[PDB]
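Read the structure below first, then the notes.
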Amino acid sequence: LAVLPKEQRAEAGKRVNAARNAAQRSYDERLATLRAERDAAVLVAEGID
Amino acid sequence: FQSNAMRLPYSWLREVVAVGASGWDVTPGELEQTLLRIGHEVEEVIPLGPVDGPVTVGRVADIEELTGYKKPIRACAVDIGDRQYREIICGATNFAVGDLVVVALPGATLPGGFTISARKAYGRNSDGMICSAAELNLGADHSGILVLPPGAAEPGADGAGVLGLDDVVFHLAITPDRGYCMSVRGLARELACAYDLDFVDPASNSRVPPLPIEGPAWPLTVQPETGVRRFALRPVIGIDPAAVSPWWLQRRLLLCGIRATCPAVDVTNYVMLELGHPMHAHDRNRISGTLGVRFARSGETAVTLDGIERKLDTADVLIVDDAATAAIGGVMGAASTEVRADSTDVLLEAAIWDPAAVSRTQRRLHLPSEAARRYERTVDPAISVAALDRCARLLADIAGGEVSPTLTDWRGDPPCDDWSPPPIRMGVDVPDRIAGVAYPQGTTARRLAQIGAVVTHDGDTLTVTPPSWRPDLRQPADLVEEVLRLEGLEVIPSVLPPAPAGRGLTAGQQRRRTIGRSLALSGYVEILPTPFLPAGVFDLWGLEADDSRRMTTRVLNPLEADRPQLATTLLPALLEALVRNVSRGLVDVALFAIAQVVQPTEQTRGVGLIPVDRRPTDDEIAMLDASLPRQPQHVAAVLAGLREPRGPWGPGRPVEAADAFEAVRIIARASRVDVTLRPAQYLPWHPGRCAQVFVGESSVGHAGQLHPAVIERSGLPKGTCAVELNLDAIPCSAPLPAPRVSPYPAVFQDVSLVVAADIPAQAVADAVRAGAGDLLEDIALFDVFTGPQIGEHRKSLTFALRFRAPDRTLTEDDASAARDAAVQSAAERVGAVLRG
Amino acid sequence: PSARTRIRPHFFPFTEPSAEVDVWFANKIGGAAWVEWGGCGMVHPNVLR
RNA sequence: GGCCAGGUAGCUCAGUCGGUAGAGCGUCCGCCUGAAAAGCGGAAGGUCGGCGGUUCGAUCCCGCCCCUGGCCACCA
Ligand SMILES: [Cl-]
Ligand SMILES: [Mg+2]
Ligand SMILES: [Mg+2]
Ligand SMILES: [Mg+2]
Ligand SMILES: [Mg+2]
Ligand SMILES: [Mg+2]
């Protein structure tokens, strides 16, 4: 976006911001889901004596 | 803008001491030791100067400003005496042509080391510099050069002589019980005491009679309950606004940390420094109607004479007139009546405000003025008119005008006429007894009269009436301190007391040492843990909202605004310390702490003030203790990285949960109690590697590996393990064993039992002990096996058994019977199946 | 037995007479000097009461 | 509570006044070694102290706040 001319950046940045947020949002939920599974696996794992 | 301690030049002090004791003179070094000896902390001894060579008075004859540079730059010709002129480039801006200034010419040496040679600057030559008070080591320069008042000296006069540079400035930190020592008056009196000198009090009717009192001056009303003790007013009419203070006055104000402004204000500060009674000057033409002293109303404001608005509260005492606030009483005057350039008629104010009221007000408003810090330590009410008269005469002397023969002197309702505190009765030998020194006969009466008290002597009792400037003298112990400090503490001998036979350390105290020793021997390093929890730690742990650890005592004003909660558990602080050490290169770490925690309850709240003139009753004592949060001693430990370092013997052993269980057993052995460990779920521990620790059937804590999410969210190392026990819930114990050593041989057998995988190994061993009875001398697990021969969710345990009789050799069949009874006990209590 | 101490009159609300004890601290930052060690005195009669 | 300077990676610090932000040491991998380290080669790791606002987009601009170091000040 820094190489773009000054008046072409506004419209390009919108697309870039929306595309990056879409992928960032998908990462957050997957991180969460995999964290929840890790903690639920901790609960049912057999303990040590 | 405001200074701090008691500064005064030696010459002034000497002058006042010398009136009574002609020619008294001591070195600064001796004076320092004498002051320390009698109880005045000497923070600094500042010899003025020194200067060498041509540092002389000069007069600015011509100024030429120099444009093109960052600041205004003046090219001045200065008359340096004997009709000679020097060009000098100077930076400052607080002088005009005609001013007497102090020049340091080529060949001079300034404190300290700055050799003055003719230098160039801004395309012009400079035969020296015009000095500031700082550059001369005279005072604080106030970002400007020093102008001497007209007539102070001639151009060419020797600067060191004119400036009195052979003086020495003492900076003392006066203790708050000695308000009378915030002046030359009190300090001179203390020295006359310490040197046994005849003393002339500078605040008495002395050398000139008091001023006449032919009628009332300005009218005054004082609101009841304001704590004003005295309020005197006397005007000086028709002073010369163009007058300035003479050099001797300006210098003394400068040496004492006070910047000189104009004669009316300079005189109030000078007399305040000399006598200890703060004085205020009002422009008399700017007062509207009756002067009133009253409390401030809620939300009221006042503009002090620095142009700053102050939010007032209702405990602040004001001086007002009909139109505006004249002063925040005893703290700072208001702009409305302040003396200024044009003022010709001055109304001088000598008042005594309530010490506590001034203390509250000045500290809340952050105005520790020269007046305020004197009134909060109390001011001698007997000298208000004496200081008033001294002030008025001095001001008429400097600036002209007439001292009016009128005086308003309000001395309370009803008028108080004797300002001495109540008399104190004390045995004549009481100082001797407290000191453990037999003082020469008559020492106590001599010393107490020296400090100004009236002493009457009947039998072996003194009746001692303190002087009005000593309101700190209220009981015999106060008087004892006076005698002892003047005689000097060095005469008191050093004698160890006879202690009765003590009982030494308590059991709890001994046990804390033993636990400490043992953990340190096992590789743990002690930290002393902060009681302020990390921000949101229990959220990072994921604790339930009703977890008791979240019920914390809170600090109103903590070190870190985000850490006001006091710790209910030591683990947060230990874990923070763990991260700290690991972050600095020491990845293999074991830390412990032994410290109290803070656990409030329902009854954790305030208890109102109880009068301190009696013992609190046993019910009040118990209510005070019951109102505090519970504060039990805990012991805790954390470990991460390698538990055992690598070496020639192989690569070393990573920390594991079993190391945390061993730390529990180290603590229990040190405490000489038995513990049992049971599986538990309890954040922040891993629910499958967590033990709850029991003594008897009382829970005392938890141990094991921390939960992986807690580790991830707190930035802790993988595998961190931890222990925390409540020491106060571990009972003391005094085991008295009486072993009997059987001379007969023992029998060794082993036994393999299969149990469900969730049965703890220790519950099997206990069942084996239970069934086997008295022949069983020892049992030790040595094998846990879960291979393919063992069903799923089951495990095979094998124990080494040692049997021995106290009175016979056993047969193999005798042990086998005991083993078979153990096997049956294990089937009955834990479902064990004899391995086949 | 060789360390340098000194006792001098001072003040505390709960003692009378009061004193402060300094020790000669050779390694003080900026040069050796007396440094406050602690406070002391005879227990104030208001405290006993 | 006053003033000055700061807050950037695991540690010690540069740097950017709107779209790429780093170094030295610390961590990880390959070659190498029996295993290491060095050397060569190559990676990971930062919400640029917090929260708002402006903006398509803020470590950087605006506002409010918190904290660190130093120098004052205060005091049991
Ligand atoms: Cl089986
Ligand atoms: Mg006293
Ligand atoms: Mg056998
Ligand atoms: Mg003190
Ligand atoms: Mg850092
Ligand atoms: Mg927007």
Side-chain angles (χ1 to χ4, degrees), chain A residues 1-25 27-28 31, chain B residues 1-7 41 43-44 140 143 171 173-178 257 306 308 310-311 358-370 372-373 376-377 530 532 534-536 556-564 576-589 612 640-641 645-652 711-718 720, chain C residues 10-16 18-21 29-30 36-41 43-44 46-47:
Chain A
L1 295 173
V3 194
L4 243 34
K6 316 113 182 233
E7 4 92 315
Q8 190 189 345
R9 282 151 162 160
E11 179 49 70
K14 295 191 81 170
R15 301 190 296 256
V16 172
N17 279 316
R20 181 176 232 289
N21 282 308
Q24 183 71 49
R25 132 202 270 270
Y27 164 88
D28 299 332
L31 174 55
Chain B
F1 190 95
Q2 268 134 7
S3 53
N4 37 287
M6 185 55 195
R7 299 158 207 93
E41 198 175 328
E43 285 194 316
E44 295 283 321
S143 68
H171 300 212
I174 299 309
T175 54
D177 63 322
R178 303 200 189 277
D306 50 47
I308 295 190
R310 317 281 183 179
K311 304 175 209 299
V358 170
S359 196
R360 296 190 289 271
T361 296
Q362 73 90 353
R363 279 171 199 274
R364 203 201 65 252
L365 297 178
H366 297 281
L367 290 159
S369 61
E370 294 282 351
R373 62 215 208 205
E376 84 173 3
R377 298 168 158 187
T530 172
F532 299 97
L556 283 185
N557 54 326
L559 298 171
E560 298 176 88
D562 32 310
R563 302 177 68 154
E576 167 177 277
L578 189 149
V579 174
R580 194 182 318 120
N581 281 274
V582 171
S583 82
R584 298 190 168 281
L586 313 108
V587 301
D588 312 312
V589 56
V612 286
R646 62 175 176 170
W649 60 71
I711 286 186
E712 156 202 76
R713 283 190 305 261
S714 301
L716 293 160
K718 299 192 193 300
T720 304
Chain C
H10 195 65
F11 164 86
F12 304 94
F14 34 93
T15 50
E16 184 88 8
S18 310
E20 206 147 60
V21 184
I29 285 162
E36 278 123 294
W37 184 31
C40 66
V43 178
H44 198 283
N46 289 357
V47 172

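Proteins come first, then strands; the chains are lettered A, B, ... in the order of their sequence lines, and each starts at number 1. These values consider heavy atoms only, across backbone and side chains, with no hydrogens, waters or symmetry-generated copies.
- Residue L1(A) has its side chain nearest to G19(D) when only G19(D), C56(D), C11(D) are considered.
- Judged by the sign of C1'-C2'-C3'-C4', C51(D) carries a north-puckered sugar.
- Rounded to an integer number of Å, the gap from CG of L4(A) to P of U20(D) is 13 Å.
- In the set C67(D), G19(D), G1(D), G1(D) carries the atom at the smallest distance from any side-chain atom of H366(B).
- Judged by ring centres under 5.5 angstrom apart and ring planes under 30 degrees, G45(D) does not stack on its strand neighbour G46(D).
- The neighbouring residues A9(D) and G10(D) do not form a stacked base step, as their six-membered rings are not both less than 5.5 angstrom apart at the centres and less than 30 degrees apart in plane orientation.
- Not one side-chain nitrogen or oxygen of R646(B) sits closer than 4.0 Å to the OP1 or OP2 atom of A36(D).
- In this structure, CD of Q8(A) is placed 17 Å from P of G19(D), rounded to the nearest angstrom.
- Side chain of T530(B) to main chain of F532(B): a donor-acceptor pair is present (N/O by atom type, distance under 3.5 Å, no hydrogens or angles).
- Here the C1' atom of nucleotide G26(D) and the CG atom of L586(B) are 12 Å apart, to the nearest Å.
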Problem - Footprint string (nucleotides 71-76 of chain D, 5' to 3'): B base within contact, S backbone only, - free, heavy atoms under 4.0 Å - result: --SSSS
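- Remark on RNA chain D: of its neighbouring residues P558(B) and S583(B), the 5'-side contact belongs to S583(B), judged by nearest-heavy-atom nucleotide.
- Adjacent nucleotides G18(D) and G19(D) fail the stacking criterion: their six-membered base rings are not both under 5.5 Å apart at the centres and under 30° between the planes.
- Residue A10(A) is in base contact, counting any heavy-atom pair closer than 4.0 Å across all strands shown.
- For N17(A), the side-chain atoms get nearest to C56(D) when compared with the rest of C56(D), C11(D), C67(D).
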Practice task
Take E370(B) and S3(B) through the test side-chain hydrogen bond (donor to acceptor under 3.5 Å, both in side chains) and record every step on the way to the result.
Solution key: CA-CA 8 Å; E370(B) 294 282 351; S3(B) 53; 3.1 Å; yes
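- Consecutive Watson-Crick or G-U pairs involving RNA chain D, each under 3.5 Å on both distances, make up stems of three or more pairs at D:1-7 with D:66-72, D:10-13 with D:22-25, D:27-31 with D:39-43, D:49-53 with D:61-65.
- Between the side chain of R377(B) and the main chain of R178(B), no donor-acceptor pair closer than 3.5 Å is present.
- Side-chain N/O atoms of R310(B) and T361(B) include no donor and acceptor closer than 3.5 Å.
- Under a stacking criterion requiring six-membered ring centres under 5.5 Å apart and planes under 30°, the adjacent bases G26(D) and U27(D) are classed as stacked.
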Problem - Nucleic acid footprint by protein, nucleotides 44-53 of chain D - heavy-atom cut-off 4.0 Å, B for base, S for sugar-phosphate alone - result: ----------
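- Remark: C1' of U68(D) and CG of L559(B) are 13 Å apart, rounded to the nearest angstrom.
- In this structure, the CD atom of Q24(A) is 16 Å from the P atom of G57(D), given to the nearest Å.
- For the residue pair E41(B) / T175(B), no side-chain donor-acceptor distance below 3.5 Å is found, with atom types taken as modelled.
- The pentose of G63(D) belongs to the north class of puckers. Its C1'-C2'-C3'-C4' angle has a positive sign.
- Base stacking between strand neighbours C66(D) and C67(D) is present, with six-membered ring centres closer than 5.5 Å and ring planes inclined by less than 30 degrees.
- Sugar conformation at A37(D) is north: the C1'-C2'-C3'-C4' dihedral has a positive sign, consistent with the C3'-endo side.
- The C1'-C2'-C3'-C4' dihedral of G46(D) is negative. Its furanose therefore counts as south.
- If you measure from atom CG of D306(B) to atom P of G2(D), you get 15 Å, rounded to the nearest angstrom.
- When the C1' atom of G19(D) is taken as reference, atom CZ of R20(A) falls 11 Å away, rounded to whole Å.
- Between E560(B) atom CD and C66(D) atom P the separation is 13 Å, expressed in whole Å.
- Using the sign of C1'-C2'-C3'-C4' as the criterion, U20(D) is classed as south-puckered.
- If you check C11(D), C56(D), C67(D) against the side chain of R584(B), the one that comes closest is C11(D).
- The nucleotide whose nearest atom lies closest to any side-chain atom of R9(A) is, among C67(D), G19(D), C56(D), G19(D).
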